[PDB]
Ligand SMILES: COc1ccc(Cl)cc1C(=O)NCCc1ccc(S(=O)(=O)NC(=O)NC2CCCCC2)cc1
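What follows is one chain in structure tokens, specifically the form deposited without the named molecule.
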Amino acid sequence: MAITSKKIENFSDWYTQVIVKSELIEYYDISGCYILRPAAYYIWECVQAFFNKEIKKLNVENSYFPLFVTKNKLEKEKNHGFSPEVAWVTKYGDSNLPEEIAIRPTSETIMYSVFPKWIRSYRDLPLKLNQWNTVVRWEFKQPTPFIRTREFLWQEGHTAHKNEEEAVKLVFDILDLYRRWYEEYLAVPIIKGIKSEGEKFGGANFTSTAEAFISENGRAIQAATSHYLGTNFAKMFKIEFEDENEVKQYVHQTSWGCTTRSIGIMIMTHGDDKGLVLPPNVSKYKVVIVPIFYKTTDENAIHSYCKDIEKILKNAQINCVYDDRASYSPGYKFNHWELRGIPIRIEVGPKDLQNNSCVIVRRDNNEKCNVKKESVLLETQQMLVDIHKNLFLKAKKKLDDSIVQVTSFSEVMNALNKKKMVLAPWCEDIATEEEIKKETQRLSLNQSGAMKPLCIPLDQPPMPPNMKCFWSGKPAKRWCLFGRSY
């Protein structure tokens, strides 16, 4: 088992190979659904634990609402173009249901229908809820393991506040928790930003977003969402509270979500030609121990040594595996565990046993270092930190190198052709969005190739005071990130 396609040459097939052979997923006889094996789900558990800790600090309470929602309830607020993606239960056994029932594609209509019962006065606020659940969307866009799946795991938070300031504050708090969840657990850098009027969630006042970029195929991917919903849903669902004068006021809402797409983003960011590369924080085993016998008499000495090292790491709660299987060569094992993304390999040969040393090898850059057994615990600890740092830094470099700043449309296509995004001064007129889509599609016929507004970044470079929009020529308001996406 080896990775047959190179990441830069054939990214799609490299991806499918990596995720199957590293034992993250199995494919399934229902298109767009994938089995999450222990190695994948472990990553989900880690980020889940982190995120739970941090939102409980914000006093968000977990909850669980039904998987099913009635047609009447799901469809109450007009359509507001999701309808072909709804999966419908039409019967139980061989008996038709009087009315069909939908599986949740998200929980707005389920939760907000009961919010008025729970919110009567200003004394009931804020209301802060989260769910860890599964949803179903029958994606017609190309399904891709983790990135776009028809059933996926995720978290949805919904809150309601007495005013705008408090809700918006929470929207950005959540957003930085997403930043930390990418950075600290997946070693993935993201760009924070505000979605254009064309790209935001229809029900939202504004949509803030974390964007990632896969440099290897030049594609941006939305990494997480955090919305200021204002009073839009409060009006739709009649969610009001009597204020301190017993005057009825609309709540100010937020919602926010992040999915197993994250695992996908992480795989694509750090994976190399040898396979999966895991940040230590989301790998079950931090270290693999591999014995080496240069045709040596005593297997048992080396075995006992290896065992000692394993006990040292395990006792320090650094989980590890000792691969003592007789039926595979050391080289086989090196490759096998590289493919599975074990952050550190420790090799023990006969020479090492004589010197009370061992050889430590980093998954990320393949650097080796002979070190004394009695120092392995401190070395390992530090190395697991270094690895994370390295991964993050490398990813950040690629991210920063993927942003070409431009001032006129004339520079754009070149940039797109080099698998980059563009940062451009933009008038933000809603009409220009589809225009820019159409033109970049058309011009891509020569080189979907359309580029779209990814986000208005929080980190704006200086805007020269007479600067014009790259596209319309009108006055430019802010810098916007554009690029091709998933």
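Under this definition, the rigid core comprises the largest set of C-alpha atoms superposing within 1.5 Å between the forms. Counting begins at 1, following the sequence as shown.
Annotation: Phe409 does not belong to the positions left without coordinates in a third of the other compared entries; each one with flanking residues models it.
Annotation: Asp324 does not belong to the positions left without coordinates in a third of the other compared entries; each one with flanking residues models it. According to the record, the deposited sequence contains no missing residues between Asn59 and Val60, so the chain is continuous there. According to the PDB entry, the deposited sequence contains 1 to 3 residues between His80 and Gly81 that lack coordinates.
As listed in the deposited structure, the average C-alpha B-factor of 348-356 and of 132-140 is greater for 348-356. Across the two stretches, 174-182 and 88-96, the PDB entry reports the greater mean Cα temperature factor for 88-96. Set against one another, the Cα B-factors of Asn52, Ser31, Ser444, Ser63 in the record reach their highest point at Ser444.
Between the residues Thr296, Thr109, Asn205, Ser208, it is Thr296 that shows the highest Cα B-factor in the PDB record. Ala40: CA B factor in the lowest third of modelled residues in this chain (values from the PDB entry).
For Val47, the recorded CA B-factor ranks within the lowest third of the chain. Only modelled residues enter the ranking. Compared with the other modelled residues of the chain, the Cα B-factor recorded for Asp243 ranks in the highest third. Among the modelled residues of its chain, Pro291 has a C-alpha B-factor that falls in the highest third, as given in the PDB entry. In the PDB entry, a CA B factor belonging to the lowest third of its chain's modelled residues is recorded for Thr259.
Beyond the structure shown, there is the form deposited with the named molecule bound, which is absent from this document and is the topic of what follows.
In summary, the binding site of this form is blocked: after superposition of the surrounding C-alphas, the named molecule from its pose in the bound PDB entry has 3 or more atoms within 2.4 Å of backbone or C-beta atoms. Of the stretches 289-297, 325-333, 264-272, 311-319, only 264-272 has residues with a heavy atom within 4.5 Å of the named molecule in the bound PDB entry. For the candidate spot formed by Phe11, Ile221 and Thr260, every residue has a non-hydrogen atom within 4.5 angstroms of the named molecule in the bound PDB entry. Of the residues given (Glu183, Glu240, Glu338, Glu151), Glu151 alone sits with a heavy atom within 4.5 Å of the named molecule in the bound PDB entry. The closest non-hydrogen atom of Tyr486 lies within 4.5 Å of the named molecule in the bound PDB entry. Proximity of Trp471 to the named molecule in the bound PDB entry falls outside the 4.5 Å heavy atom cutoff. Though the partner is left out of this view, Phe51 does not reach within 4.5 Å of the named molecule in the bound PDB entry, counting heavy atoms only.
Under a 4.5 angstroms non-hydrogen atom cutoff, the named molecule in the bound PDB entry lacks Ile456 among its neighbouring residues. Looking at CA displacements between the shown form and the other one with the core superposed, a shift of 2 Å or more is confined, among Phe50, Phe65, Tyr41, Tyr28, to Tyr28.
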